[PDB]
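The structure appears below as structure tokens.
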Amino acid sequence: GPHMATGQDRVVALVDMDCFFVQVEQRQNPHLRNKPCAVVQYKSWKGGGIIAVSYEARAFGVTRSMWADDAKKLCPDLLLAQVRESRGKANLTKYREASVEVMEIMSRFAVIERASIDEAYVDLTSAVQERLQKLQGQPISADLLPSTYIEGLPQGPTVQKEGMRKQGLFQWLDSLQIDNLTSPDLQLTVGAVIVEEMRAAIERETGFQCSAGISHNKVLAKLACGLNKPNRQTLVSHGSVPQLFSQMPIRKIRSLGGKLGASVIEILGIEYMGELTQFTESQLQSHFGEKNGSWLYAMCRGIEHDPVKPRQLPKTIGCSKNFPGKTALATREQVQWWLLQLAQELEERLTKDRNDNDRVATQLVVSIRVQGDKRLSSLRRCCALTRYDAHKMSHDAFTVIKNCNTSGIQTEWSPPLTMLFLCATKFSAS
DNA sequence: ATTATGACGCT
DNA sequence: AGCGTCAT
Ligand SMILES: Nc1nc2c(ncn2[C@H]2C[C@H](O)[C@@H](COP(=O)(O)OP(=O)(O)OP(=O)(O)O)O2)c(=O)[nH]1
Ligand SMILES: [Mn+2]
Ligand SMILES: [Mn+2]
Ligand SMILES: [Mn+2]
């Protein structure tokens, strides 16, 4: 009871840009705004592969991973924007630069953890204490939360969406103890006020809309973020967790959407996150290991301790290209030419990174996949990265992989290569 | 022939 | 260090 930790110490938000690459293209080209549209890589094979989809297009069933030709069968008026190609490969620079715009705005409110190109966690605990002491016990007006949903509300004893949002928010605010500066629910609420301000700043200063989740930890904030997209934010309180998890498929929780989640379902004979509460911590550890077991035991009760890392920049800078089917690289000239193309993009990005961020990478990781290998990476080898020179990097990568050539003929490459990947790692301040 | 990344855990 | 999993 009084010593049962409840995981309510922190206020954590997850901010995620709505259909990010689409918004980047819609900002640049107003003709794409408020339209079914998608962003594609390449074009020759089945119209290119879709990697981002506007919400208008999602209404037609268009999704990520779809080929554009198939998407056009669902949505004949779908508009398409193509990712830039440079040196023979997709080049994602426009979206990385747009991401930096957003991350820099978020960093004005709190230290952030860059979790992806379009999302960041925020630890708002200190900012919340600040704003609470500024409020002087003054209640929080619904006007300060104009895009906020309170998960689980309204409940208890009109048929529009905005109306239900306002009803739930009213019930939430009516329940609040705005005189207790240590009340977790109040702290979350103030956190949501701050996130409204952050999201308003992002849209004002970039044109981009985003969604967000506000809760007591990263997993709940991420889950919350997904509940009311697009262009809305959602507060998931500690108290909302039993009902929310009672019908939550295990796979919806970050890190459980793959083999581990499938094993939780199969071994324990359960379907929903809430069903995990009936197992002891030692039972879960016995099935899933010490770390996973302890994490599951806490997470199904709404408790997770993973910190928001102070890290706004990516830890690695990488360049990769698949060579599927009959485009696989089968000669030395071919392998060397593509290693050079990748290395030239890497050099350009690394040199910009060194100028912007006062650091240098010291390790080059070279990854390949050979034809017929089921795995995504067939071989991974490191070497020293001592100079930002593409010709040196591509020569070193070749030197590191050259013995994977089974061909006695040195001019040919067998088995042909179906992927090349160069990654710069182990940054040091400079 | 979902492609291009990027983080992190294991041993 | 190199490999595997998660993510999208
Ligand atoms: N190159 C590449 N980029 C991807 C891939 N999957 C996602 N992305 C990019 C494009 C997305 O706009 C961006 C952010 O992904 P999200 O999962 O946050 O989805 P998105 O923002 O598109 O929509 P959302 O509103 O968050 O559901 O990442 C991929 O498989 N390959
Ligand atoms: Mn997004
Ligand atoms: Mn995202
Ligand atoms: Mn997505």
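Order of the sequence lines fixes the chain letters, A, B, ..., with proteins taken first and strands second; residue numbering starts at 1 for each chain.
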(request) Would you check if there is a donor-acceptor pair between the side chains of A:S294 and A:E281 at a distance under 3.5 Å? (result) yes
(request) Using distance alone, with no hydrogens and no angle criterion, decide if A:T234 and A:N228 have a side-chain donor and acceptor under 3.5 Å apart. (result) yes
(message) When you compare the side chains of A:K321 and A:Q341, does any donor N or O come within less than 3.5 Å of an acceptor on the partner?
(response) no
(request) Residues of residues 79-110 of chain A with any non-hydrogen atom less than 4.0 angstrom from an atom of DNA chain B: list those, numerically ordered, please. (result) A:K89, A:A90, A:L92, A:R96
(request) For DNA chain B, note the earliest and the latest nucleotide, 5' to 3', having some atom under 4.0 Å of a heavy atom belonging to chain A. (result) B:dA1 to B:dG9
(message) Please tell me whether A:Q336 and A:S394 have a donor and an acceptor in their side chains that are separated by less than 3.5 angstrom.
(response) no
(request) Using a 4.0 Å cut-off on protein heavy atoms (strictly under), produce a 5'-to-3' string for nucleotides 3-8 of chain C with B for base contact, S for backbone-only sugar-phosphate contact, and - for none. (result) BBSSSB
(message) Using modelled atom types and a 3.5 Å cut-off, is there a donor and acceptor pairing between side-chain atoms of A:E412 and backbone atoms of A:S407?
(response) no
(message) Under 4.0 Å, heavy atom to any atom of DNA chain B: which of residues 312-350 of chain A qualify?
(response) A:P314, A:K315, A:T316, A:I317, A:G318, A:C319, A:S320, A:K321, A:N322, A:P324, A:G325, A:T327, A:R349
(message) Regarding A:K73 and A:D70, does a basic nitrogen lie under 4.0 Å from an acidic carboxylate oxygen?
(response) yes
(message) Just by distance, no angles: are the side chains of A:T425 and A:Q363 close enough, under 3.5 Å, to form a donor-acceptor pair?
(response) yes
(message) Ignoring hydrogens and geometry beyond distance, is a side-chain donor-acceptor pair present between A:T148 and A:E196 at under 3.5 Å?
(response) yes
(message) Just to be sure I understand the rule, does A:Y42 reach a base, reach only the sugar-phosphate, or reach nothing, if contact means heavy atoms closer than 4.0 Å?
(response) sugar-phosphate
(request) Quote, to the nearest angstrom, the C1' distance that separates B:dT2 from C:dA7. (result) 14 Å
(request) Using distance alone, with no hydrogens and no angle criterion, decide if A:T206 and A:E101 have a side-chain donor and acceptor under 3.5 Å apart. (result) no
(request) Scan side-chain atoms only and decide if A:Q285 and A:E290 contain a donor-acceptor pair under the 3.5 Å cut-off. (result) no
(request) Let me know, please, whether A:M66 or A:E113 comes out on the 5' side of the other along DNA chain B by nearest nucleotide. (result) A:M66
List, one per line, each side-chain donor-acceptor pair under 3.5 Å for residues 116-125 of chain A, sequence neighbours excluded.
unit_1: A:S116; atom_1: OG; unit_2: A:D118; atom_2: N; d: 2.9
unit_1: A:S116; atom_1: OG; unit_2: A:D118; atom_2: OD1; d: 3.0
unit_1: A:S116; atom_1: OG; unit_2: A:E119; atom_2: N; d: 3.2
unit_1: A:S116; atom_1: OG; unit_2: A:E119; atom_2: OE1; d: 3.1
unit_1: A:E119; atom_1: OE2; unit_2: A:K222; atom_2: NZ; d: 2.7
unit_1: A:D123; atom_1: OD1; unit_2: A:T125; atom_2: N; d: 3.1
unit_1: A:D123; atom_1: OD1; unit_2: A:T125; atom_2: OG1; d: 2.8
unit_1: A:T125; atom_1: OG1; unit_2: A:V11; atom_2: N; d: 3.0

(message) Is it the case that the side chains of A:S428 and A:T362 hold a donor-acceptor pair, with the cut-off being a distance below 3.5 Å and no angle test?
(response) no
(message) Side chains of A:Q247 and A:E271: any donor to acceptor distance under 3.5 Å?
(response) no
(request) Tell me, with the steps shown, if A:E205 and A:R108 meet salt bridge (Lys or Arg N to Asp or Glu O under 4.0 Å). (result) CA-CA 13 Å; A:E205 299 180 27; A:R108 308 205 301 255; 2.8 Å; yes
(request) Go through residues 279-310 of chain A and report each residue with a non-hydrogen atom lying under 4.0 Å from DNA chain C, sorted by number. (result) none
(message) A side-chain contact here means heavy atoms from C-beta on lying under 4.5 Å apart; do A:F427 and A:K315 qualify?
(response) no
